[PDB]
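Next up: just one chain, as structure tokens, the form deposited in one PDB entry.
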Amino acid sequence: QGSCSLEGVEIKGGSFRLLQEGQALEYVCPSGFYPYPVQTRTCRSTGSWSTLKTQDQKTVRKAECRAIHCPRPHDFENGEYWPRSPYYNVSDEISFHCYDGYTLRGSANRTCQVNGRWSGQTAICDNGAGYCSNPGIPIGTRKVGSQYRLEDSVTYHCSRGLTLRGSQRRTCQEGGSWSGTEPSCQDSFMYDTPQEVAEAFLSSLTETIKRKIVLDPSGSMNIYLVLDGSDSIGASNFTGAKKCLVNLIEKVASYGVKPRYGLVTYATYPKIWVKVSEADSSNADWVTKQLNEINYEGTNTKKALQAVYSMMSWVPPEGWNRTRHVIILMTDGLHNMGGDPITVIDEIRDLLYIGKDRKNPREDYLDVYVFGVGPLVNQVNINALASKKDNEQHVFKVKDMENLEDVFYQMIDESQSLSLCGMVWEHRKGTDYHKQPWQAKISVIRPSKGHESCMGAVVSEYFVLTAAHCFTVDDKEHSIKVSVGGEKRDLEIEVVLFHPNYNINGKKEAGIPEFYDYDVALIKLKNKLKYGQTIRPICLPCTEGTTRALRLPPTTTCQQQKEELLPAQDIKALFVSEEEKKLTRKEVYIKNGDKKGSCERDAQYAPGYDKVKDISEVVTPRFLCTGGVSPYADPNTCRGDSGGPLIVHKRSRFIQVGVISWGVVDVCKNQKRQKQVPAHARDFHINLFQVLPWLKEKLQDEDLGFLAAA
């Protein structure tokens, strides 16, 4: 129905997006900030948007993007943690310690992450004296029940405003394990990244060898794909969901198994498109064609699952107890009408004889996975339906249909060679070089003087891309060393190739001491790099690799890539910064639209450039601009980060669009110090789309598949 004026709804330090044809909105904040007091607003029948309220229901005059905090532990049994603060800022560290007589499991040291979650696993102090282990208290939750004898239970509770994910109750079972799965508390801003979801789903569905799906000997598997099309998932005849599912089917087929598929879409009533009992339902290619053909057109989930039950049911056939069943539900709402769908899951577990025998519980024979999409999904309800299995995750919440698609594109990219450009798997126990495998450190030794330390990016097995200003003609190759993958070993180089138009010394006679135009160089290594989990290439602009990374058709041009990667907007990008051996991603915004001119003009504030009459003489068409307070407070590069890649993270892949070149002011660590970061604190980076003929030439034997560079 009627629409609401957007006057006055702006959020300080953030933006918003419209949902449900203008009837709702969601606020959007930079990395490390969340919308206060509310994630979403609804358009009211008055023409005004819903009021901004806190928990206690105090009106807030103005919405703001506020620093994320990780929750303080409510309690820690049989030990102490420290430091103890009301709340923790991103990158705060605590540590956990047991009392005498108790032994620590889980993570001793934990760090508050950019997503509002503590790193690692729940710390537990246990004396081994219970029938069951001490189940622990995940940070953010409160536990009721402190006896761990056989058949005792513990219950968990979240704070007002938050929602519990996982088991609200766990029960101590014969053999010494707890039923259900470890809980966590979800705040309104929290989403799972596609990379996290891709690792969590795969490691739930499969066993590790490569990976495999194990069935019974002479054993079967049925997969039920259920799509709630009541809201936006049905948009464009389920186009998004079809992409996801095509990719899922393709991934499952990689494991050599031939499952039977069911396909059901639903809203008020269910539609069965493919039935598991069909002669062709185990033909992956046939099922894929059927799925691609489906179309649209309240949320009756109970009925959708009753369509699933009817596909299952059957006195019973041979090998009924040999089949494992996987339900996959995709939803952006799940506000159920027509009854609680949970009772149907109960009926299913009766049918499959699950939970009916203590000596043979048969939990392996059913898995229900729920993928929630967007800010409007009912979190209690998606969790209620999803399986609860120890050390497994079965409930996901992603931002977007685009992000849901990214989950399955990542899963498809997993088995590809390590040469796959700008792909990073979300290794659970990975370090900094598992998260930025392309990162190179460059050192140059200079007699009686400070050594140069710069950054670069691995672009092929022989090449590291960096800035030219890290080197002069006087630097012999033996003085220059490169390290990759966080290894002590520093690698010998063959040569440094400078862009042929680069000349720091200008322009010096014209009154300009440093001229950074064309500030790019390639280091050719002496020896070929062996790729691995901590050493992998980043994607470069205008190559076949990037077309594929962006999920685009093979006829895609370099102009099409530029349009996708550097449109005339404020572009979300990132660089990697090192602080005390740790690498952290710092999100920045490239001013490539109306703000470009004002970003560029701030160069006059740079030292040496104060007398420059015409700013274009120092800021050339080769340059990209980040920094400043508009639209957002951008972080700035440190001296050590120079030459490093400026990166766009799109479709689960990392594409380097720039090289970190020079900055207006050194203001780096006003970060955790304050700040007082000036509004004219800009960083200038060399745009790689502006030096492609040189790149394509130098890297011509590296098998990168460059497109037309002119």
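A residue's number is simply how far along the shown sequence it sits, counting from 1.
If you look for the form deposited with a partner chain bound, you will not find it shown, but the lines that follow are about it.
task = Would you mind picking the one in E318, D614, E580, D100 that has a heavy atom within 4.5 Å of its partner chain in the deposited bound form?
result = By the 4.5 Å criterion, the partner-contacting residue is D100.
query = What is the one choice in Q147, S310, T557, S177 with a heavy atom within 4.5 Å of its partner chain in the deposited bound form?
reply = When its partner chain is considered in the deposited bound form, the option within 4.5 Å is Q147.
inquiry  = Taking any heavy atom pair closer than or equal to 4.5 Å as contact, tell me whether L418 reaches its partner chain in the deposited bound form.
reply    = Judged by the heavy-atom cut-off of 4.5 Å, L418 is well away from its partner chain in the deposited bound form.
message = Test of understanding: in the deposited bound form, would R84 fall inside 4.5 Å of its partner chain by heavy atoms?
response = Heavy-atom contact with its partner chain at 4.5 Å: present for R84.
ask   = Would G128 sit within 4.5 Å of its partner chain in the deposited bound form, counting heavy atoms only?
value = Yes, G128 lies within 4.5 Å of its partner chain in the deposited bound form.
request  = Determine which one of 384-392, 628-636, 213-221, 100-108 lies within 4.5 Å of its partner chain in the deposited bound form, judging by heavy atom distances; exactly one does.
outcome  = Result for this chain: 100-108.
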